[PDB]
There are 2 protein chains.
Amino acid sequence: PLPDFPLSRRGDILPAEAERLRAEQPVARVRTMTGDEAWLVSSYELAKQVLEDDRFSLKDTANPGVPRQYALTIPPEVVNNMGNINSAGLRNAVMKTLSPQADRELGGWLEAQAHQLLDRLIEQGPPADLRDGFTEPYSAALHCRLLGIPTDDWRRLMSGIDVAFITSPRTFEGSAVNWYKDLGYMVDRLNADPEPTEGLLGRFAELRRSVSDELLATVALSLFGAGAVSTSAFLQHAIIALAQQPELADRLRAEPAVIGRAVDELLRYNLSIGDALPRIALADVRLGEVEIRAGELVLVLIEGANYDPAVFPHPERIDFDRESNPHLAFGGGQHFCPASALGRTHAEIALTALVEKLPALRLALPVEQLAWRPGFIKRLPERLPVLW
Amino acid sequence: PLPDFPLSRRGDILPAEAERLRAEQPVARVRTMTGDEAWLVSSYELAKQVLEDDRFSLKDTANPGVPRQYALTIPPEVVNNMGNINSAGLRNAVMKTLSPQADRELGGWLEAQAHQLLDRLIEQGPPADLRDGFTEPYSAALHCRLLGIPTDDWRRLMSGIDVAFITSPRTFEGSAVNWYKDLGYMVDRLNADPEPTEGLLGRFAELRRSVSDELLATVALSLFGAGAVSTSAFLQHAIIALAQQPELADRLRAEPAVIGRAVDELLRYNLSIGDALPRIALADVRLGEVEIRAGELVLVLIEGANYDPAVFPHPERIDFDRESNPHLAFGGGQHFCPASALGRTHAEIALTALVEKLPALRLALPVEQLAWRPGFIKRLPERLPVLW
Ligand code: HEM
Ligand code: HEM
Ligand SMILES: O=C1N[C@@H](Cc2c[nH]c3ccccc23)C(=O)N[C@H]1Cc1c[nH]c2ccccc12
Ligand SMILES: O=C1N[C@@H](Cc2c[nH]c3ccccc23)C(=O)N[C@H]1Cc1c[nH]c2ccccc12
Ligand code: HPA
Ligand code: HPA
């Protein structure tokens with residue numbers, strides 16, 4: 001009997017199966033939700049090895065007829081977003097946009113966004129849902145600023161993410177409708193009469209005065225979607241940790257300069273990644289004790305690696321004072337997250353404002369009664385109800 | 001081994017267990033989520049008997065120390081809402097508020113609300129989530145109008161419902177904080193300096209010039225919460241039915257006057273009641289083959305009764321042309337829903353607008369991949385993504 005993948009939408013503890021997989025068969029043949037077979041890689045050493053070995057290809061996971069962990073929901077070129085951004089002279093604009101340093105006002109602006117959202121929740125009084133009342137609008141605001149578009153339509157745009165990042169056994173009429181829906185939105189913002197001036201779109205506008213609208217809007221849409229969903233989901237998991245372990249919040253209030261280390265450890269700990277990092281083998285590769293064949297699917301289990309005791313002592317305990325923390329929460333090798341610094345900044349600023357404004361933050365009900373979203377690329381609570 | 005209750009969260013087909021219980025043990029001892037035991041009553045004849053026999057008591061289900069299907073989340077007096085309303089001389093004001101005929105404008109206004117919400121979704125284009133974009137704002141609008149309060153804070157109020165109607169094994173801190181939070185909101189509206197003149201709070205403000213502020217606000221909050229959550233959840237189920245069975249939408253387009261019968265049948269079919277109707281036996285009672293003892297919990301499984309083939313031929317098939325339809329979707333006996341006519345009007349007007357405005361309505365992905373909300377009094381999809 002082949003073990004099933006994915007593992008468990010419960011995101012507040014490591015799935016027992018992840019620990020058993022890493023200890024017993026750190027390169028394991030599993031059945032994905034499509035019915036296809038894959039190798040699931042669950043130890044830190046083998047995970048890191050896959051990500052740093054370019055005979056394991058991310059681009060080719062989107063090719064027709066290769067085994068899949070779930071149905072493609074975007075055009076196969078978009079999975080190669082970073083390849084297309086490089087070959088079209090788009091890297092500079094993208095890289096500059098993904099720099100917390102190129103937006104000298106960004107930090108103070110995110111801080112004000114965080115505080116405005118929390119002041120509203122404080123006005124109404126507890127309980128409140130920190131997903132709809134905080135992480136969702138906060139992440140949407142950030143990526144609206146990244147693109148240079150207003151935040152007016154953030155509810156609609158985050159609703160597009162609710163469809164775009166669905167994990168489905170088979171493709172489903174709508175992923176494409178949903179894609180072209182928000183592609184059209186991005187094309188319109190880019191071709192507006194007072195041509196857009198700030199953000200990614202502004203750089204795009206100048207760029208084509210010296211690449212198609214479709215490609216430009218594709219890069220804007222996929223950056224918005226991937227970034228808003230990944231930051232919002234990570235922040236929710238970080239909040240759950242702070243609510244469940246109030247001594248961590250006491251540490252952050254007493255020693256604000258530790259926010260960088262803290263978020264780095266929360267990143268190691270966090271289970272927001274609800275699928276694995278996929279690669280197609282371009283060649284036969286011996287990995288651990290398994291001979292992987294050219295053309296087979298490889299799945300890197302980030303939470304397997306980030307909780308591996310060979311690398312992280314007491315991996316199951318959050319620890320803001322680890323000597324070393326070489327976690328894989330942002331991936332590694334060629335496709336290491338190009339927005340890691342922004343992801344860190346986004347979460348550091350939100351949690352700093354959170355522990356200051358809601359010092360008695362706690363969950364409104366037992367953590368085991370949170371509703372964890374099914375069938376989605378991210379693990380997240382549908383609602384995050386808290387008291388303070 | 002005792003069968004577990006509740007049955008299943010998936011709301012688009014009758015749980016197979018409901019048909020098995022009804023056929024083999026229509027009065028069945030079950031283990032509720034609290035660990036308490038109860039008698040689950042799942043055939044039509046015995047369901048209706050329980051509802052019409054007043055030695056099965058609703059008010060006493062809230063008593064300290066009685067067996068429970070889930071933790072009390074409101075003050076125990078509120079389970080006796082209608083009792084308190086009748087004894088405090090509030091019945092006339094309440095029933096006048098719940099009468100669609102007493103609000104001669106209500107029909108045209110509900111139609112216009114439904115159209116504005118659908119036009120907004122047409123503006124943006126498919127896909128859309130008809131829960132957040134349609135059934136939630138529409139139901140909150142109606143119940144804001146019922147109370148005489150603005151709709152400004154409807155997301156906050158609907159979010160209070162997300163906590164109030166949770167089913168928990170044990171009491172949780174959020175329930176009481178949540179309750180008094182929105183009790184105070186209602187008190188604030190009732191005691192505004194421009195004293196309220198419209199709706200239930202207008203009728204209340206007059207009444208106390210001729211019962212405390214707390215009781216008045218309690219009735220307002222319980223009616224908002226119960227009515228909004230119940231109409232929103234039913235309407236979501238009816239939409240699924242029209243999306244899954246477009247011949248039904250074709251029928252409503254071709255013959256709009258059948259909307260009343262259609263909604264009557266959708267009510268029989270609908271699985272929005274996600275728990276059972278609770279009663280405590282006040283005396284020993286022989287129900288079917290089972291001797292029920294004084295003090296024991298009795299649970300009326302509405303969908304068991306409404307799908308009973310002894311009463312409803314081909315119960316699994318929606319049918320707008322049934323000779324008879326004496327369904328229990330509003331309950332029966334002394335606690336029959338006092339707002340049945342309003343619930344029907346609410347759904348009729350929304351669904352008439354829906355099949356006119358979205359003639360090609362269909363689900364955006366397969367029905368089996370809808371996310372059904374866990375741990376809630378209602379069965380409902382977390383998102384209702386559709387195309388048109
Ligand atoms: C806490 C936040 C985030 C986490 C946990 C995270 C994590 C990751 C991971 C694990 C990868 C590697 C995937 C692989 O190798 O297959 C990745 C790649 C990527 N991420 Fe994120 N991410 C975050 C935020 C963001 C933000 C804010 C953006 C954009 C605005 C972004 C854009 C990208 C892009 C474009 C790639 C693809 C890189 C490539 O293919 O070379 N991420 N991220
Ligand atoms: C489609 C919508 C609705 C459905 C399916 C529904 C269903 C029901 C059912 C089955 C009961 C009986 C519960 C029991 O016997 O324990 C009930 C009672 C009740 N409902 Fe409804 N309901 C709906 C709408 C509404 C609305 C719109 C309001 C208020 C504005 C409302 C207020 C009440 C009240 C106050 C009771 C308690 C009556 C008593 O205890 O005697 N309902 N409802
Ligand atoms: O830029 C990308 N690079 C890869 C890897 C990747 C980066 N960030 C992710 C976040 C989740 C899953 C995969 C990725 C990819 O696969 N796609 C896009 C992002 C994206 C935009 N909309 C989407 C809908 C569905 C899936 C991915 C995307
Ligand atoms: O008026 C009531 N009468 C009974 C029966 C009842 C009517 N409508 C329901 C809808 C769901 C469950 C029970 C009922 C009751 O129990 N309470 C309230 C309604 C209510 C307001 N807030 C709540 C939070 C939690 C549970 C109930 C309520
Ligand atoms: O959750 C994720 N899964 C896979 N690849 C990713 N790249 C960024 N986030 C993710
Ligand atoms: O869903 C419900 N459950 C129990 N009692 C109810 N009264 C109205 N709706 C409900």
Side-chain angles (χ1 to χ4, degrees), chain A residues 50-52 56-59 61 69-70 78-86 94-95 97-98 100 139 142-143 146-147 165 167 200 219-220 222-238 263 266-268 270-279 298-300 302 306 327-347 376-380, chain B residues 6 58 61 69-70 79 81 165 167 226-227 229-231 233-234 270-278 299-300 302-303 329-331 335-340 343 376-380:
Chain A
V50 164
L51 297 178
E52 287 174 356
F56 293 109
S57 165
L58 171 63
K59 183 178 179 180
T61 57
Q69 52 170 338
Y70 43 76
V78 175
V79 182
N80 197 31
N81 217 24
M82 276 320 261
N84 311 316
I85 285 172
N86 284 357
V94 172
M95 296 297 103
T97 288
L98 302 179
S139 305
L142 162 64
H143 290 79
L146 225 52
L147 286 193
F165 292 81
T167 63
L200 184 76
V219 173
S222 64
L223 295 174
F224 181 98
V229 63
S230 295
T231 52
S232 186
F234 165 55
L235 185 52
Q236 285 183 88
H237 286 255
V263 167
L266 292 173
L267 280 162
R268 176 193 76 81
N270 64 34
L271 301 174
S272 72
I273 294 175
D275 64 348
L277 306 196
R279 304 283 187 265
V298 178
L299 297 174
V300 178
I302 297 298
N306 275 358
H327 61 76
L328 307 184
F330 283 120
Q334 181 196 342
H335 301 291
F336 184 87
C337 174
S340 61
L342 195 49
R344 292 174 184 289
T345 296
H346 187 279
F376 203 60
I377 279 163
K378 307 287 178 189
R379 285 196 196 87
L380 62 80
Chain B
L58 170 66
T61 60
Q69 57 169 340
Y70 43 77
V79 181
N81 200 20
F165 288 84
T167 61
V229 63
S230 298
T231 54
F234 166 50
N270 64 34
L271 299 177
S272 71
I273 299 175
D275 60 343
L277 309 195
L299 296 174
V300 179
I302 293 293
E303 69 255 44
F330 291 117
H335 297 288
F336 184 86
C337 166
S340 60
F376 206 56
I377 281 163
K378 306 288 182 187
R379 284 192 198 94
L380 62 80

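Atoms within a ligand are numbered from 1 in the order they appear, just like the ligands themselves. No hydrogens, no waters, no symmetry mates; every other heavy atom, side chains included, goes into these values. Chain letters run A, B, ... following the sequence lines, proteins first and then strands; every chain starts at 1.
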Side-chain contact, heavy-atom cut-off 4.5 Å: A:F234 with A:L266?
-> yes
Any side-chain heavy atom of A:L146 sitting closer than 4.5 Å to one from A:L223?
-> no
Rounded to the nearest 0.5 Å, how far apart are CD1 of B:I273 and CZ of B:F330?
-> 9.5 Å
Tell me which part of A:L58 gets within contact of ligand 1: side chain, backbone, both or neither, using heavy atoms under 4.0 Å.
-> side chain
Between the main-chain N or O of B:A276 and the side-chain N or O of B:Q69, is there a donor-acceptor pair closer than 3.5 Å?
-> yes
Per-atom contacts, ligand 1 versus A:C337 - under 4.0 Å to a heavy atom | 8 (C), 17 (C), 18 (C), 20 (N), 21 (Fe), 22 (N), 25 (C), 42 (N), 43 (N)
Any non-hydrogen atom of A:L342 lying under 4.0 Å from ligand 1?
-> no
Would you tell me which option among A:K59, A:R279, A:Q334 has the nearest heavy-atom contact to atom 15 (O) of ligand 1?
-> A:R279
For A:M82, the atoms of ligand 1 under 4.0 Å from one of its heavy atoms are 38 (C), 39 (C), 40 (O), 41 (O)
Side-chain heavy-atom pair A:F224, A:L200 within 4.5 angstrom cut-off = no
What is the closest protein heavy atom to atom 13 (C) of ligand 1, and at what distance does it sit?
-> A:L277 CD1, 3.8 Å
Do the non-hydrogen side-chain atoms of A:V94 and A:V219 ever get within less than 4.5 Å of each other?
-> yes
Check: A:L342 and A:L142 side chains under 4.5 Å, non-hydrogen atoms = yes
B:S230: side chain to side chain donor-acceptor pair (under 3.5 Å) partners, not counting sequence neighbours | B:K378
Give a table of atom pairs where an N or O of ligand 5 lies under 3.5 Å from a protein N or O.
| from | atom 1 | to | atom 2 | distance (Å) |
| --- | --- | --- | --- | --- |
| ligand 5 | 1 (O) | A:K378 | NZ | 2.5 |
| ligand 5 | 3 (N) | A:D275 | OD1 | 2.8 |
| ligand 5 | 3 (N) | A:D275 | OD2 | 3.4 |
| ligand 5 | 9 (N) | A:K378 | NZ | 2.9 |

Ligand 1 to A:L223, heavy atom cutoff 4.0 Å, flagged ligand atoms 29 (C), 30 (C)
Enumerate the atoms of ligand 1 whose separation from the nearest heavy atom of A:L146 is less than 4.0 angstrom.
-> 30 (C)
Taken to the nearest 0.5 Å, the spacing of A:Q334 CD from A:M82 CE works out to 9.5 Å
Near A:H143, which atoms of ligand 1 are under 4.0 Å from a heavy atom of that residue?
-> 27 (C), 30 (C)
If you scan protein heavy atoms around atom 4 (C) of ligand 1, the nearest is A:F330 CE2, 3.7 Å
Below 4.5 Å, heavy atoms only, C-beta onward: do A:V229 and A:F376 meet side chain to side chain?
-> yes
Which heavy atom of the protein is the closest neighbour of atom 23 (C) of ligand 1, given with residue, atom name and distance?
-> A:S230 CB, 3.6 Å
By number and element, which atoms of ligand 1 are closer than 4.0 Å to a non-hydrogen atom of A:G227?
-> 26 (C), 27 (C), 28 (C), 29 (C), 30 (C)
Side chain to side chain donor-acceptor pair (under 3.5 Å) against A:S222, all qualifying residues, sequence neighbours excluded | A:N81
Considering only heavy atoms of A:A329, which atoms of ligand 1 have at least one such atom less than 4.0 Å away?
-> 5 (C), 7 (C), 10 (C)
For A:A339, the ligand 1 atoms with a heavy-atom partner under 4.0 Å come out as 25 (C), 26 (C), 27 (C), 28 (C), 29 (C), 31 (C), 42 (N)
Within-shell test, A:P338 vs ligand 1, heavy atom, strictly < 4.0 Å | yes
For atom 39 (C) of ligand 1, which candidate among A:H335, A:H237, A:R344 holds the nearest heavy atom?
-> A:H335
Relative to the ring of A:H143, is the ring of A:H346 parallel (under 30°), tilted (30 to 60°) or perpendicular (over 60°)?
-> tilted
Main-chain N/O of A:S57 paired with A:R279 side-chain donor or acceptor, under 3.5 Å | no
For A:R268, which residues count as a salt bridge (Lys or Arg N to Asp or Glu O under 4.0 Å) partner, sequence neighbours excluded?
-> A:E265
